[PDB]
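Engineer: Handing you a structure now.
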Amino acid sequence: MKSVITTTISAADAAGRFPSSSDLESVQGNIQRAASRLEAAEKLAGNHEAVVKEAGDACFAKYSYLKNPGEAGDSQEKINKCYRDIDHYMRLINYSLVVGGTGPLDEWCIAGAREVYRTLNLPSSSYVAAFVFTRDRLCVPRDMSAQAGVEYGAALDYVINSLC
Amino acid sequence: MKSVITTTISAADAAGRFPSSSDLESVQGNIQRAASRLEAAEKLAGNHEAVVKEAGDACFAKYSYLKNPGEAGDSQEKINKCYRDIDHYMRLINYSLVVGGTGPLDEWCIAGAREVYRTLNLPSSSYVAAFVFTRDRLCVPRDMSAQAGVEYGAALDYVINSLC
Amino acid sequence: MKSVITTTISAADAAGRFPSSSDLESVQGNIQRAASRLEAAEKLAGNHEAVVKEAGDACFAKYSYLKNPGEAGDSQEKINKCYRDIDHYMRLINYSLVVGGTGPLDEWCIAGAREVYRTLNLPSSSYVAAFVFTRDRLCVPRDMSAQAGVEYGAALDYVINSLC
Amino acid sequence: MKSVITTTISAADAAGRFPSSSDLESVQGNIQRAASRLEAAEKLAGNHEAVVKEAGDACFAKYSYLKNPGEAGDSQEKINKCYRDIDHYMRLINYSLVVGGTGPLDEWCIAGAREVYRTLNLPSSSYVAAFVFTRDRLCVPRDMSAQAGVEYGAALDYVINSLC
Amino acid sequence: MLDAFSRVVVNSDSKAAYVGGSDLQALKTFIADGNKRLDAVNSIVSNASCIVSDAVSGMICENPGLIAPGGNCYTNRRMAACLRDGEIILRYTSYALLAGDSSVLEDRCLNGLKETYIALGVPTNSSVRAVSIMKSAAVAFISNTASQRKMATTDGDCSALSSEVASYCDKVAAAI
Amino acid sequence: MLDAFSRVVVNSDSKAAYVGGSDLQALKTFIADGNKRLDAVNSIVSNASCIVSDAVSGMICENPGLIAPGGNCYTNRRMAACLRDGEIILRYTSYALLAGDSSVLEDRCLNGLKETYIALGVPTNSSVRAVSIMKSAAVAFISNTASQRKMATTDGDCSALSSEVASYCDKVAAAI
Amino acid sequence: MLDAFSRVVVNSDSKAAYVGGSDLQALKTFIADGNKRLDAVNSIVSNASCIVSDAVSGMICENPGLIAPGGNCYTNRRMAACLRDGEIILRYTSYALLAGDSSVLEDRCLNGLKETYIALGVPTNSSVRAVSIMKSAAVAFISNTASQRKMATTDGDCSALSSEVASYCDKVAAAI
Amino acid sequence: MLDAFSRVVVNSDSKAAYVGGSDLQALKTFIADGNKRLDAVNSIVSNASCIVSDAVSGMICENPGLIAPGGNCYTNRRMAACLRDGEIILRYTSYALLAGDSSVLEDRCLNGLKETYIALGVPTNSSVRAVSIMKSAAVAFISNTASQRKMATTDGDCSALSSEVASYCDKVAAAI
Ligand SMILES: *CCC1=C(C)C(=O)NC1Cc1[nH]c(/C=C2\N=C(C[C@H]3NC(=O)C(CC)=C3C)C(C)=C2CCC(=O)O)c(CCC(=O)O)c1C
Ligand SMILES: *CCC1=C(C)C(=O)NC1Cc1[nH]c(/C=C2\N=C(C[C@H]3NC(=O)C(CC)=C3C)C(C)=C2CCC(=O)O)c(CCC(=O)O)c1C
Ligand SMILES: *CCC1=C(C)C(=O)NC1Cc1[nH]c(/C=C2\N=C(C[C@H]3NC(=O)C(CC)=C3C)C(C)=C2CCC(=O)O)c(CCC(=O)O)c1C
Ligand SMILES: *CCC1=C(C)C(=O)NC1Cc1[nH]c(/C=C2\N=C(C[C@H]3NC(=O)C(CC)=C3C)C(C)=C2CCC(=O)O)c(CCC(=O)O)c1C
Ligand SMILES: *[C@H](C)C1=C(C)C(=O)N[C@H]1Cc1[nH]c(/C=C2\N=C(C[C@H]3NC(=O)C(CC)=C3C)C(C)=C2CCC(=O)O)c(CCC(=O)O)c1C
Ligand SMILES: *[C@H](C)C1=C(C)C(=O)N[C@H]1Cc1[nH]c(/C=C2\N=C(C[C@H]3NC(=O)C(CC)=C3C)C(C)=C2CCC(=O)O)c(CCC(=O)O)c1C
Ligand SMILES: *[C@H](C)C1=C(C)[C@@H](CC2=N/C(=C\c3[nH]c(C[C@@H]4NC(=O)C(C)=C4[C@H](*)C)c(C)c3CCC(=O)O)C(CCC(=O)O)=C2C)NC1=O
Ligand SMILES: *[C@H](C)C1=C(C)[C@@H](CC2=N/C(=C\c3[nH]c(C[C@@H]4NC(=O)C(C)=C4[C@H](*)C)c(C)c3CCC(=O)O)C(CCC(=O)O)=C2C)NC1=O
Ligand SMILES: *[C@H](C)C1=C(C)[C@@H](CC2=N/C(=C\c3[nH]c(C[C@@H]4NC(=O)C(C)=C4[C@H](*)C)c(C)c3CCC(=O)O)C(CCC(=O)O)=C2C)NC1=O
Ligand SMILES: *[C@H](C)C1=C(C)[C@@H](CC2=N/C(=C\c3[nH]c(C[C@@H]4NC(=O)C(C)=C4[C@H](*)C)c(C)c3CCC(=O)O)C(CCC(=O)O)=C2C)NC1=O
Ligand SMILES: CCC1=C(C)[C@@H](CC2=N/C(=C\c3[nH]c(CC4NC(=O)C(C)=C4CC)c(C)c3CCC(=O)O)C(CCC(=O)O)=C2C)NC1=O
Ligand SMILES: CCC1=C(C)[C@@H](CC2=N/C(=C\c3[nH]c(CC4NC(=O)C(C)=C4CC)c(C)c3CCC(=O)O)C(CCC(=O)O)=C2C)NC1=O
Ligand SMILES: CCC1=C(C)[C@@H](CC2=N/C(=C\c3[nH]c(CC4NC(=O)C(C)=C4CC)c(C)c3CCC(=O)O)C(CCC(=O)O)=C2C)NC1=O
Ligand SMILES: CCC1=C(C)[C@@H](CC2=N/C(=C\c3[nH]c(CC4NC(=O)C(C)=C4CC)c(C)c3CCC(=O)O)C(CCC(=O)O)=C2C)NC1=O
């Protein structure tokens with residue numbers, strides 16, 4: 001799971017080395033930035049359903065043509081999966097904010113995603129629509145602190161940039 | 001030059017990745033621990049000659065037999081180089097404290113050192129004597145702050161552990 | 001076990017070849033030089049204890065500081081192991097003279113020896129002292145024939161050169 | 001050029017090693033067997049033309065069908081090359097006896113020989129006929145000493161065994 | 001590769017000198033602007049796709065001969081090649097920026113690039129139009145003056161950082 | 001490999017659940033003891049040579065048959081092999097300790113170790129005497145109760161950490 | 001691999017003992033018969049092609065089912081495979097003979113051979129008929145009693161050597 | 001690589017000639033001095049460590065700029081590099097000496113060395129001061145005139161051998 005601690009340890013393991021100052025400083029940085037990514041993570045976890053629901057509504061608002069027969073929203077089961085996928089992604093962002101790195105996003109949702117969506121006809125743009133909406137929707141200090149806005153917005157940009 | 005920043009960047013370069021949260025947190029740790037390793041570094045740089053001189057005296061006090069003919073202290077030029085070597089090592093510790101990692105020690109003095117000393121008959125123990133003396137000699141808060149003592153003592157233990 | 005016969009056979013095995021003239025000439029050389037290395041080997045085997053004991057006494061005579069607390073001779077058990085190690089080395093020289101090559105020395109005592117001694121604080125110089133003493137102590141024709149002196153002195157120089 | 005000296009040196013070069021006892025014993029064997037392979041070599045060099053001529057006559061005696069049109073002896077130029085080839089081989093045996101190993105035979109006449117003869121229709125058996133004749137023709141002590149007979153017969157068996 | 005501190009140490013070493021007091025205070029300035037630097041890096045990498053296709057589309061925008069038969073962005077295979085190269089250069093300049101040193105840009109990316117391009121047939125006047133567009137896309141994002149997207153940061157002067165990132169882009173435009 | 005947070009995330013994931021509030025407060029406790037943990041790791045790695053030759057010398061101390069002909073520390077080559085293995089295990093348990101998870105100890109070091117040893121002939125009752133000595137050398141250094149060397153740290157109870165490092169050493173003594 | 005002397009040294013070592021006087025005199029006997037041994041090796045290798053196609057032709061001679069469809073010498077490819085294997089085994093037993101030890105025969109040739117053959121389908125009762133024929137072809141040549149070819153050596157009893165070479169051939173016939 | 005005999009054979013071959021009688025008697029002279037040659041080789045290799053650190057210490061002795069910042073023996077890493085290179089060259093000249101031909105010195109060690117050094121920055125005037133010191137350390141040991149160590153050999157004139165070993169050292173000093 002990519003993270004400060006794992007990245008550093010496995011650099012040292014590759015070299016045969018005990019941990020040294022670089023490694024301990026790296027974890028210390030994990031301590032400093034802990035307190036605002038965990039804030040984002042808790043706000044996200046506490047309101048996941050409303051965020052997921054605004055994001056999916058924004059997606060299908062931008063691409064109403066998806067509800068046509070043959071598109072990826074031509075049935076209520078299919079639209080509901082769409083919001084499910086968005087929730088999966090936001091759960092993984094929650095994980096990413098808790099770990100401190102993009103590990104969870106990377107392995108659990110980015111990896112097969114271009115092939116899977118190419119094959120089930122899921123336009124990349126619709127997810128980008130849902131994450132861009134969420135990103136721009138966030139409000140400081142209403143929704144969370146400034147440096148937690150940074151962390152949250154950041155994971156969202158990462159997931160967006162994996163679909164470009 | 002091994003360090004938080006270099007270790008992280010080259011983990012990401014190996015992966016084809018832009019910097020991400022793990023990387024930025026890692027540098028943030030470099031910022032936090034900066035202020036006490038630079039304190040050690042400045043105290044060391046400001047009093048290098050007296051430290052080098054007590055360490056070399058301690059070495060030749062522990063191993064007076066080195067001053068015998070055939071040993072590595074059988075001439076004034078040779079004893080003077082001994083203190084020179086100790087100074088080289090403390091300069092590299094200065095570098096190590098400024099960079100934030102053991103890079104400078106690693107490349108510039110550890111690498112050839114077992115072969116070189118095996119070949120010029122320089123007992124490993126004498127350097128260990130000089131670094132152990134310096135380490136135990138340090139005094140908090142007299143000589144430096146507590147977390148700078150940690151950094152200084154640490155680089156010294158690293159260089160000691162490279163001669164065992 | 002490195003030796004004329006083994007070196008030649010495994011050159012031929014690497015090439016897919018039956019033995020040929022080079023190989024048979026090589027063994028013939030083993031026959032010619034047999035009779036003086038076996039002489040050294042038998043003289044060494046017949047007086048191993050006195051040689052081991054003069055060598056260890058010479059070592060601790062040259063480095064009396066080893067008997068200090070903390071050194072590798074600070075206890076009777078430790079000094080006794082020192083003479084034991086010297087005996088191990090002379091047993092391996094016995095093997096080396098019987099095989100005809102440095103095989104036994106190579107695998108059974110050279111291989112881990114720098115790491116082991118680095119870690120148990122055993123100065124390389126002390127063994128060099130003991131082997132140099134033995135080498136210079138040998139006397140022709142008193143102690144053995146001239147071409148056996150050559151063989152014996154040679155294995156000793158080899159083991160010495162593995163500690164430089 | 002494969003030989004005792006070259007085989008040993010390049011075993012040591014592969015290992016990073018200075019020459020040691022195995023290597024010096026190997027050369028010593030080269031010294032011992034020198035004096036009878038050089039005897040063979042000088043007798044061969046002193047009577048090469050008569051040996052080449054009896055061998056080629058024996059070949060074309062055994063395989064008179066080679067002189068038919070279409071065979072490898074259908075012209076005087078072709079028969080003359082046949083004796084030339086036999087001479088090449090005996091020159092290489094001369095080299096092999098002087099070097100002490102099969103090097104010269106190996107590189108200079110064995111290497112391309114199956115392809116070359118397959119392509120110019122030169123039956124392998126005819127050369128085998130010529131070398132077997134020479135081998136069986138040798139007479140001790142008339143033609144050379146016993147241990148030189150061994151060396152000469154040996155190179156001939158080697159070249160024979162390269163055509164089976 | 002080196003960073004800001006390793007670079008000070010290499011220079012100190014060429015004189016066999018412990019790190020000057022002047023150099024230490026420079027480094028503590030580096031440390032003081034640590035967090036602005038992280039925001040700088042974050043504002044480039046969060047927009048990397050924007051920056052790279054802006055620049056390549058623009059390169060082609062100003063010279064459509066690149067996408068006529070025989071131009072180096074002609075097939076899909078070459079277009080995708082160029083997008084990858086834009087992305088790679090941007091990645092090595094974001095390493096530079098996060099490092100405080102151009103060490104890694106020069107070592108791992110620019111070394112032999114000019115030759116490679118000469119060999120392949122890659123127009124160099126065009127690569128640098130792209131890189132110079134990326135330069136402006138990037139210093140915009142750093143300085144938070146990009147037209148169609150903002151990034152909430154605290155109020156300060158980030159101009160030294162922008163100049164840094166532009167100096168690394170110019171190192172690229174010069175390597176070829 | 002996983003660390004403390006990745007481990008909480010893997011467990012949350014098996015239920016398809018965002019990270020519980022209970023788990024978040026556990027993690028902020030982990031973060032609160034961050035600096036004690038770093039001192040723990042520093043006190044092991046600064047003494048690694050001590051710990052490893054203490055333990056191997058002790059193993060041989062209690063059973064000199066290991067260094068009689070046919071014992072597995074007999075030649076210099078095998079003695080040096082054993083010292084390397086002591087050092088390696090200590091390295092993977094210092095990774096564990098710095099990680100907060102035994103993930104890397106189990107994955108990169110213990111997996112197949114029992115088999116490898118069975119194959120080589122490496123006495124396993126002895127490996128674990130060594131590992132159990134390393135266990136005490138290490139929790140001494142953590143707890144700052146080592147006889148011949150102290151390490152100036154601030155006054156606190158480091159007992160949870162010591163128990164952690166002893167649990168990783170016991171994972172080793174159990175893998176074989 | 002070991003030879004006669006290395007083998008004496010390994011045995012001496014298992015007792016931590018310098019080489020006995022009894023062992024030294026055995027070795028000087030080995031050295032005394034050095035030149036007979038070289039003639040032994042020379043008489044095998046100078047006839048290797050004879051020995052290997054004698055044996056394989058004979059194997060097929062006594063059991064023509066090997067060269068009927070489905071037999072393991074059926075195609076040219078399998079026949080040539082078998083000739084190579086005959087040659088290889090003879091080579092490793094001529095290494096044994098020149099070495100004075102079966103170390104290299106067992107290590108580099110026989111180890112896993114039985115398994116390999118079981119896997120491929122190579123009849124083992126037939127491999128050993130071939131190897132047992134090679135045994136006699138070889139001890140003939142050593143003892144200089146081969147019908148159609150002699151090799152001028154001096155008059156002596158080479159029987160210990162012949163028995164040696166037959167013991168190595170039997171090691172082969174037993175490995176499968 | 002070639003040795004003394006292979007070298008005579010290559011020269012004979014360029015004329016398609018069997019080995020002259022003159023050449024045979026030269027070779028039997030080579031054989032006559034076989035044992036002196038072995039003593040020559042033994043006197044170098046038994047002192048190799050002496051010869052190599054004598055020479056490198058001396059090189060640095062006469063020009064201490066090598067171990068000032070920027071000199072090529074400056075760090076421990078470069079000093080150890082130079083010691084290895086001294087050792088390597090001495091090894092290839094002891095191969096030459098044991099071979100009777102400079103074939104292996106030129107082929108496996110000197111070929112491209114000049115280029116490699118130019119590339120690395122290795123001072124060539126200094127490499128050859130070291131090699132020229134090794135030359136004298138070596139011909140001393142051969143001729144048994146070394147100050148601080150003797151080697152009991154029988155009384156004879158070993159001057160041709162010393163000149164040989166000095167000619168190989170000069171081949172090195174010339175390759176760069
Ligand atoms: C680049 C200049 C920007 C311009 C466009 C501007 O007008 N304001 C700007 C940026 C800026 N940031 C700070 C201070 C902080 N930046 C922070 C985030 C980074 N530090 C981190 O650890 C992380 C990654 C893990 C970062 C992305 C933080 C945490 C701070 C400090 C407190 C805060 O602002 O929330 C300043 C100066 C303000 C200061 O106190 O230094 C400026 C100008
Ligand atoms: C392991 C328990 C130790 C026992 C033996 C004890 O009696 N006191 C102990 C350790 C301990 N350390 C702290 C707090 C700190 N430790 C620090 C160093 C580590 N933090 C880092 O960033 C680095 C590496 C880069 C470390 C090596 C630091 C900086 C602190 C905080 C301030 C300080 O103490 O100097 C505590 C608790 C004190 C606290 O405020 O947390 C204890 C018990
Ligand atoms: C294997 C037994 C043979 C039987 C068939 C027999 O009736 N006579 C036999 C062989 C035999 N050879 C010797 C002695 C020598 N063999 C020599 C050649 C080998 N020594 C070498 O260096 C080389 C290769 C390079 C060999 C091929 C040599 C040189 C000798 C010694 C002198 C000589 O005979 O020419 C003996 C015993 C005679 C003795 O003095 O040992 C026997 C029985
Ligand atoms: C290099 C010249 C030396 C100078 C310094 C000198 O005054 N005497 C010298 C050397 C020398 N050695 C011999 C003859 C021998 N050298 C022998 C050992 C080498 N032969 C080997 O097989 C081995 C390795 C396995 C050697 C190291 C041997 C055995 C001899 C022959 C008999 C003996 O001297 O013990 C000579 C000439 C004397 C001669 O009869 O050739 C010289 C001058
Ligand atoms: C893009 C802005 C350029 C414009 C101008 C254009 O018309 N074509 C452009 C780019 C381009 N680059 C390649 C092929 C390579 N580029 C290479 C260098 C990059 N590869 C790296 O790993 C890195 C970083 C260290 C760099 C900077 C290399 C190497 C190649 C060759 C390998 C390959 O993928 O072909 C091409 C394609 C040329 C062709 O026809 O193959 C183009 C069009
Ligand atoms: C020693 C006498 C020289 C003096 C003069 C000096 O100031 N530095 C010296 C030597 C030196 N050599 C290297 C690095 C290499 N040397 C190479 C050639 C050797 N490597 C071989 O395998 C052989 C035999 C065939 C030769 C003769 C090669 C190759 C290298 C490069 C590989 C390496 O280990 O670096 C250096 C270090 C230069 C640096 O900064 O890396 C020095 C100082
Ligand atoms: C054809 C002439 C044409 C192309 C297609 C573009 C080339 C170009 N882009 C320049 C600057 C630039 N690009 C970006 C990223 C972009 N802007 C946003 O707000 C966001 C979001 C994106 C994604 C599309 C930025 C931020 C900038 C900054 C400068 C600016 O004026 O916007 C540019 C200027 C180069 C220069 O300064 O010389 C060019 C030529 N632009 C075209 O006109
Ligand atoms: C033979 C019976 C014998 C050997 C040689 C040792 C084996 C042993 N060591 C134990 C614990 C231990 N080792 C260290 C490191 C050591 N102590 C220091 O202060 C420093 C510095 C070093 C480097 C030498 C430590 C810190 C400890 C901690 C515990 C202690 O009592 O010191 C140990 C105890 C294992 C157990 O608790 O069962 C053994 C058996 N010890 C020998 O007696
Ligand atoms: C079919 C039944 C048949 C085959 C084709 C042969 C198998 C066989 N060979 C035996 C022994 C053997 N082979 C050689 C090599 C051969 N003899 C020479 O003189 C020369 C030259 C060559 C090259 C062809 C030798 C030397 C020997 C020695 C023993 C002998 O009697 O000649 C053999 C006997 C095995 C046994 O003892 O049980 C068999 C079965 N032989 C056939 O009859
Ligand atoms: C600095 C000026 C200085 C260094 C350190 C040395 C350089 C040097 N050595 C020369 C020759 C040489 N070295 C050895 C090996 C040495 N001598 C021994 O007896 C033993 C044992 C060793 C190991 C230390 C030998 C044998 C020689 C032979 C020649 C001699 O005079 O001893 C040397 C001379 C080169 C020349 O002839 O131009 C130099 C410059 N010497 C120093 O003075
Ligand atoms: C991590 C998960 C996080 C999100 C992201 C947001 C997402 C979000 N914001 C909302 C609510 C909300 N947010 C804003 C924005 C806004 N208002 C201001 O004063 C400033 C200047 C602006 C910041 C740009 C407005 C104006 C509303 C009310 C408008 C509406 O809800 O329709 C609502 C509706 C639920 C509610 O009313 O509370 C959601 C779901 N909430 C979260 O928990
Ligand atoms: C990074 C470089 C750093 C070093 C490391 C030290 C090293 C050092 N300490 C000294 C000086 C010094 N240090 C102590 C130790 C001491 N005293 C106490 O009150 C406490 C309880 C003890 C801490 C264990 C004593 C007792 C002395 C005076 C004794 C003496 O100098 O002989 C001196 C002599 C110079 C002087 O007198 O100032 C040196 C060189 N100095 C440095 O700049
Ligand atoms: C392979 C194992 C081999 C060794 C190596 C030696 C080692 C050795 N030499 C001794 C004995 C010994 N050796 C010499 C040397 C000497 N005398 C001369 O006439 C010439 C010119 C000198 C050659 C340089 C002297 C002078 C003595 C007597 C001095 C003494 O023993 O204290 C002794 C004492 C035991 C005894 O007295 O016999 C030993 C142990 N012995 C061995 O078996
Ligand atoms: C290395 C190069 C070497 C060769 C190989 C031989 C090859 C050889 N032998 C010959 C000559 C020769 N050789 C023998 C063999 C023979 N006679 C005996 O007393 C014993 C018992 C027999 C050993 C088996 C006979 C019988 C003759 C005479 C028969 C004849 O020449 O026609 C001849 C004819 C030239 C001559 O008459 O001198 C040649 C060419 N010569 C060499 O220089």
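Residues in the structure tokens are named by chain (A, B, ... in the order shown) and by number from 1 within that chain; ligands are numbered from 1 in the order shown.
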Per residue of chain D within 7 Å of ligand 4, record the nearest atom pair and its distance in Å to one decimal, counting only C-alpha atoms and all ligand atoms, with rows in chain order and ascending residue number, as a Markdown table.
Structural biologist:
```
| residue | atom | partner | partner_atom_place_in_ligand_line | distance |
| --- | --- | --- | --- | --- |
| D:21 | CA | ligand 4 | 25 (C) | 6.3 |
| D:24 | CA | ligand 4 | 25 (C) | 4.7 |
| D:25 | CA | ligand 4 | 25 (C) | 4.4 |
| D:28 | CA | ligand 4 | 22 (O) | 4.9 |
```
Engineer: Can you list, as a PyMOL selection string, every protein, DNA or RNA residue that comes within 7 Å of residue 3 of chain C when you count only C-alpha atoms, leaving out same-chain residues fewer than 6 positions away?
Structural biologist: (chain C and resi 99-101+103) or (chain D and resi 22)
Engineer: Mind giving me the straight-line distance from atom 17 (N, counted along the ligand's line) of ligand 14 to atom CA of residue 40 of chain G in Å, one decimal?
Structural biologist: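 If I compute the distance from atom 17 (N, counted along the ligand's line) of ligand 14 to atom CA of residue 40 of chain G, I get 26.3 Å.
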Engineer: Residues up to 10 Å from ligand 13, counting only C-alpha atoms and all ligand atoms: could you list those as a VMD selection string?
Structural biologist: chain C and resid 39 to 55 90 94 133 to 144 148 to 149 152 to 153
Engineer: Give the residues close to ligand 8, within 7 Å, counting only C-alpha atoms and all ligand atoms; write them as a PyMOL selection string.
Structural biologist: chain F and resi 50-51+54-55+57-59+61-62+132-133+136-138+140-141+146-149
Engineer: Pull N, CA, C and O atoms from the residues just selected and write them as a short mmCIF file (atom, residue, chain, number, x, y, z; two decimals), in the first residue's frame.
Structural biologist:
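As written to disk, result25.cif reads:
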```cif
data_model
loop_
_atom_site.label_atom_id
_atom_site.label_comp_id
_atom_site.auth_asym_id
_atom_site.auth_seq_id
_atom_site.Cartn_x
_atom_site.Cartn_y
_atom_site.Cartn_z
N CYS F 50 26.01 -4.47 18.30
CA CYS F 50 25.94 -5.01 19.66
C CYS F 50 24.91 -6.13 19.76
O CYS F 50 25.21 -7.22 20.26
N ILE F 51 23.67 -5.85 19.34
CA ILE F 51 22.58 -6.81 19.54
C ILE F 51 22.89 -8.12 18.81
O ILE F 51 22.76 -9.22 19.38
N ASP F 54 26.19 -9.96 20.40
CA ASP F 54 25.67 -10.46 21.68
C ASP F 54 24.93 -11.77 21.46
O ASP F 54 25.28 -12.80 22.04
N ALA F 55 23.89 -11.74 20.61
CA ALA F 55 23.01 -12.89 20.49
C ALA F 55 23.72 -14.09 19.92
O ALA F 55 23.50 -15.21 20.38
N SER F 57 27.08 -14.76 19.77
CA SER F 57 28.03 -15.22 20.75
C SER F 57 27.33 -15.95 21.87
O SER F 57 27.81 -17.00 22.30
N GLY F 58 26.17 -15.46 22.31
CA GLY F 58 25.44 -16.15 23.36
C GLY F 58 24.92 -17.51 22.96
O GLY F 58 25.10 -18.49 23.67
N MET F 59 24.22 -17.59 21.83
CA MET F 59 23.87 -18.88 21.26
C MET F 59 25.06 -19.85 21.34
O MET F 59 24.93 -20.95 21.88
N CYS F 61 27.73 -19.60 23.16
CA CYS F 61 28.06 -19.60 24.58
C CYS F 61 27.36 -20.76 25.27
O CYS F 61 28.00 -21.58 25.93
N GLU F 62 26.05 -20.87 25.06
CA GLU F 62 25.26 -21.87 25.75
C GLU F 62 25.39 -23.23 25.09
O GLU F 62 25.24 -24.27 25.76
N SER F 132 15.74 -15.07 20.61
CA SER F 132 15.22 -14.72 21.92
C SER F 132 16.21 -13.88 22.71
O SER F 132 15.78 -12.99 23.44
N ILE F 133 17.52 -14.09 22.53
CA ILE F 133 18.49 -13.16 23.09
C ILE F 133 18.36 -11.79 22.44
O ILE F 133 18.41 -10.77 23.12
N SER F 136 15.71 -9.77 24.01
CA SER F 136 15.96 -9.09 25.27
C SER F 136 16.94 -7.94 25.10
O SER F 136 16.74 -6.87 25.68
N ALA F 137 18.00 -8.14 24.31
CA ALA F 137 18.89 -7.03 23.98
C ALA F 137 18.06 -5.85 23.49
O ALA F 137 18.21 -4.71 23.96
N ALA F 138 17.07 -6.13 22.64
CA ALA F 138 16.27 -5.07 22.04
C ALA F 138 15.30 -4.44 23.04
O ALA F 138 15.12 -3.22 23.05
N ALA F 140 15.51 -4.28 26.21
CA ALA F 140 16.41 -3.49 27.04
C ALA F 140 16.68 -2.12 26.41
O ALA F 140 16.36 -1.08 26.99
N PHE F 141 17.25 -2.10 25.20
CA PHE F 141 17.56 -0.81 24.59
C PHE F 141 16.32 0.08 24.49
O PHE F 141 16.42 1.29 24.75
N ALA F 146 19.57 -1.19 29.38
CA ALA F 146 20.75 -1.97 29.01
C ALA F 146 21.89 -1.61 29.94
O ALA F 146 22.07 -0.45 30.30
N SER F 147 22.65 -2.63 30.34
CA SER F 147 23.64 -2.44 31.40
C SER F 147 24.74 -1.45 30.99
O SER F 147 24.95 -0.43 31.67
N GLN F 148 25.42 -1.71 29.88
CA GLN F 148 26.66 -1.03 29.49
C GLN F 148 26.49 0.16 28.56
O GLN F 148 27.48 0.58 27.96
N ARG F 149 25.27 0.69 28.39
CA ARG F 149 25.04 1.81 27.48
C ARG F 149 23.63 2.36 27.69
O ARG F 149 22.67 1.59 27.79
#
```
Engineer: Got a sec to pull out which chain B residues are within 9 Å of chain H, counting only C-alpha atoms, and send them as a list in words?
Structural biologist: residues 107, 108, 109, 110, 111, 112, 113, 114, 115, 116, 119 and 120 of chain B
Engineer: Which residues are near ligand 2 in this structure, taking near to mean any atom at most 6 Å from a ligand atom and counting only C-alpha atoms and all ligand atoms? Format them as a list in words.
Structural biologist: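 The residues within 6 Å of ligand 2, counting only C-alpha atoms and all ligand atoms, are residues 24, 25 and 28 of chain A; 33 and 147 of chain B; 35, 36, 38, 39, 40, 142, 143, 144, 153, 154, 155, 156, 157 and 158 of chain F.
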Engineer: Using only C-alpha atoms and all ligand atoms, what are the residues with an atom within 8 Å of ligand 5, set out as number ranges by chain?
Structural biologist: E: 55-56, 59, 66, 71-73, 77-86, 88-89, 108-110, 113, 116-117, 120-131
Engineer: Would you give me, as an MDAnalysis selection string, the residues in segment 10-163 of chain C that DSSP reads as helix (DSSP H, G or I)?
Structural biologist: chainID C and resid 10:15 21:46 48:62 64:67 76:99 103:110 113:120 124:137 146:161
